[PDB]
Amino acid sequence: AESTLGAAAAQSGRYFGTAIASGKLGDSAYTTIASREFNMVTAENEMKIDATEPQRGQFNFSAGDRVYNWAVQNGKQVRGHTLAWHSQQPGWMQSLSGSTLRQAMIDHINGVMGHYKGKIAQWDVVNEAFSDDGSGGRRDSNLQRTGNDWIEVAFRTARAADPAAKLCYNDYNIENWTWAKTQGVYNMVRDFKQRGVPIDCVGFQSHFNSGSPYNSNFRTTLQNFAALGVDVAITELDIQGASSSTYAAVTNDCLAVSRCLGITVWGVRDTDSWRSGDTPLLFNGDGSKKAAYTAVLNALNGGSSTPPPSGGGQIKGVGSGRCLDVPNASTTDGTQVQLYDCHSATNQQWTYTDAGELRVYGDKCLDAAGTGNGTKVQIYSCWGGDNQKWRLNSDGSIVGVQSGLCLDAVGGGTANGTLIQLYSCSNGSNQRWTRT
């Protein structure tokens, strides 16, 4: 099993990317993670219209090239984002309408694609052209007001500018098949392929939250578009709350569709997210891997032979044969856990939540009051701290999100009463656990 997201995705011929902010490239913590985990890069803002053509006819690639150079220097391919869009247009373009705007859109596409000709894997040629009003029609923007054919023209222009690039139509809230927006986009792409309009891919931003949640029918949405003869890609994935299950579900949906090129999450650490308040990414502020990170990696690697114990379940250490147990079924916060002969008792029934907690009694959480070796593993009221979050590695070890240390049976102890602590992972049998 591969150890990084990019490498794991490549095992299925896919990529796993992120959105890079040029202003954060001087941050070693940021680049260490980004260079290691991803093999595809999208500039978060540097290749947008206002950034690449500040004045009409005057192109500027200083910001975009800093991102591009970093990507190629670190072995990543690049998704160009984005050529024609109603948002983040420079002031001079916002002032345009009709034929003048139409030609400006064309000139912009030619200028930017010409600069990056042959260096971009995919280009989001058109971004967010459909409305959210439920009509399934076009968003009202200066671009749409130039004529309904503006999208078609953008794609024909892009194809000629750089025939080596895959041309994508990108949008959000088009993941759930039942939505009118989703179906409006489907009809357009269908029409395009039918009439020979140059379009190679459809990007599903995949910005999921309780307002617009992930729905399992997303797999059918992907299959439907793939059937039109276009590749599909998850382009700006982030999930409010970062549910391990939801992240895994999305990953498996892409892996179930042969035409799904890969997944790009919209940012590196939650603190780098445009929606940091929703802690929707795979790494938290201090750069530690979140529970969702392990869920995605495991999914990319094919998953587990047997599905995780839905609710409840004992945690037995292979090196001892005993189960993680709370001393005398105590519910007092601060009680250090231990190993003990497995048996039908709530003080041995742990539930691994989507947030990455190991709950017992329903509202008590496996807790670590420190981050250094020797830190006692205990129980404490659940509140969501990173010191109460854990990652279930495929090798059977359980790692604390905040500390990055593995659950360890003090002194390789295997007898009953053996306390549990945090310690540098070592593949030891006293650090391996079975979800029996």
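Take the two forms, find the largest set of C-alpha atoms that superpose within 1.5 Å, and that set is the rigid core. Residue numbers run from 1 along the displayed sequence.
After a core fit, the C-alpha atoms in 5 other deposited structures of this protein lie farther on average from the shown form in one of 67-75 and 295-303, namely 295-303. Gaps at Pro309 occur in at least a third of the other compared entries of the protein that contain both adjacent residues. Mean CA B-factor, 164-172 versus 194-202: the higher value falls on 194-202. The question of which stretch, 336-344 or 124-132, has the higher mean Cα B factor is settled in favour of 336-344. Among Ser212, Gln223, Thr157, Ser304, the highest C-alpha B-factor in the deposited entry belongs to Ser304. In the deposited coordinates, the residue among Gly277, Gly321, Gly98, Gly356 with the greatest CA B-factor is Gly321.
Among the modelled residues of the chain, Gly396 sits in the highest third by CA temperature factor in this PDB entry. Among all modelled residues in this chain, the alpha-carbon of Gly417 has a temperature factor (C-alpha) in the highest third. Placement of the Cα temperature factor of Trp390 within the chain: highest third of the modelled residues, per the deposited record.
Residue-level temperature factors show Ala21 in the lowest third of its chain, judged at the C-alpha atom.
Annotation for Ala1: CA B-factor lies in the highest third of the chain's modelled residues.
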